[PDB]
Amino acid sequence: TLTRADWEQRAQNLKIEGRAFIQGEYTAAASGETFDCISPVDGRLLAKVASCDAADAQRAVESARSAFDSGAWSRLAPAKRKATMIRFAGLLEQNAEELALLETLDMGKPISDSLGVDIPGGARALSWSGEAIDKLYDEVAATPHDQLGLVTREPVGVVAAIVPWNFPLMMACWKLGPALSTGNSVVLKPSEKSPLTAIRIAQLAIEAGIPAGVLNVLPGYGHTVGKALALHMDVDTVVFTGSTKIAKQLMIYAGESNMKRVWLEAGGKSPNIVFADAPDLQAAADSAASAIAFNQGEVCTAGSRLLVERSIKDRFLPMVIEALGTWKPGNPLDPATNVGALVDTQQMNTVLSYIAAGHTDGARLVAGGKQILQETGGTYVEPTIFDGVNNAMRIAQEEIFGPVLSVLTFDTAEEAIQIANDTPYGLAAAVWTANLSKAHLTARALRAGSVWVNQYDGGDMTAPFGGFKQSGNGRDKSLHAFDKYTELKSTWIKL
């Protein structure tokens, strides 16, 4: 097991690829322009990364289209596509230490989380999806004797995947697994705040046996190459994970261009509801702190609204404060660190401004509240809790995307539900109770794509993930994710 000194040495000894990847080769952007990739660990320069624009989008899509039409991947036998996807996952695992390190340096998450959660999470999405390919069956309708009615699925063609910076590799693999498994060509567009792991795995895909042109990667800004992909007249489908504001813009771009399918995973303000009869309050307290502090609270399913039944509030909140105290910001390259840096200065100032807004709107600070470790040249903030929060407060309505907890109380189940659903969002929610009826009925009443009962952040590759309402449309993970990347065809044959 590697030490802090080992990781620091490894970080120094990396050679970091920064180019885009098109038709099987790394390449500069057509303009030759780059942007600086800066580490939030200490501010070091990782790489000059290709800054792609519309011209590069055009070339990547021409490459994607041509590869799709050749059938090299899109008409490869299901069992061979499975084998290739599983080897692709295997190469992520074989290169886990470098990939984990890139992620940590790129966007600041703890090396033990990169290594233990992100890389295996990414590989598992690729291999599970690959495993599923020949387990899927299409349909034959019940028809008259002189008819054969087939209902089958086909790949849409060229897929644009636009992804965010909080789980760069894993979110990429959530798209890539099903999109590639179904036979599509994909143009992947990583966040400008974390381009490095996407750039790196382009090569691994080739090594696994993914044909040239099937997976192209275009680093660069959202408002340049990202927008260009979303407006492209020969992209069939765009899948997106990011902010709600940009998600809406993609719908507009699709309407302005070619009516491409649009699938969105956006923000969240997930309610974590703890009833007095929770089976294990200590477990509920640990999970409540984890739900907001893990990955610096840069998690769209962060349990950012803690709803607690009033009769246990006085006992429970100290338990949460105590639990939160074990999550301490520190050097991300130290294996012992469990909370890392925020992704950048812009992100940190947003979080600090929301903390200020907590004070302004009348909430009570009971833990954290300040920036720390300024001397490192990195960006760190204490996990923070506000008590006495009303659901109309800004820190209650708006996604903060930092480790900032809002605590709300209720006295009836019906009120807990009303408060929990009082949001434009609907990504996730949790319910803690030992009562059979109350568990299922409350879960059923919550308008969220994921509802966790007596746990937080549950589910694995078998569990569809995505939003109600303005948290998005469609689902990642499970077999349901495949439907985003395919079209139904009814073939009706007269005999």
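Note that residue numbering begins at 1 and tracks the sequence as displayed.
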Mean Cα B factor from the PDB record: higher for 486-494, or higher for 1-9? 1-9
Name the higher of the two by mean Cα B-factor in the PDB entry, 181-189 versus 393-401. 393-401
Out of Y221, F386, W128, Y253, which shows the largest CA B-factor listed in the entry? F386
Max C-alpha B-factor within the set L317, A160, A132, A228 falls on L317
Tertile call for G209 (CA temperature factor, within chain, third-based) is the lowest
Could you tell me which third, lowest, middle or highest, the C-alpha B-factor of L441 occupies within its chain? middle
Lowest, middle or highest third: which one holds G32 when the chain's residues are ordered by CA B-factor from the entry? highest
Taking the C-alpha B-factors as the PDB entry records them, is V117 in the lowest, middle or highest third of its chain? middle
If you rank every modelled residue in this chain by C-alpha B factor, which third holds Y137: lowest, middle or highest? lowest
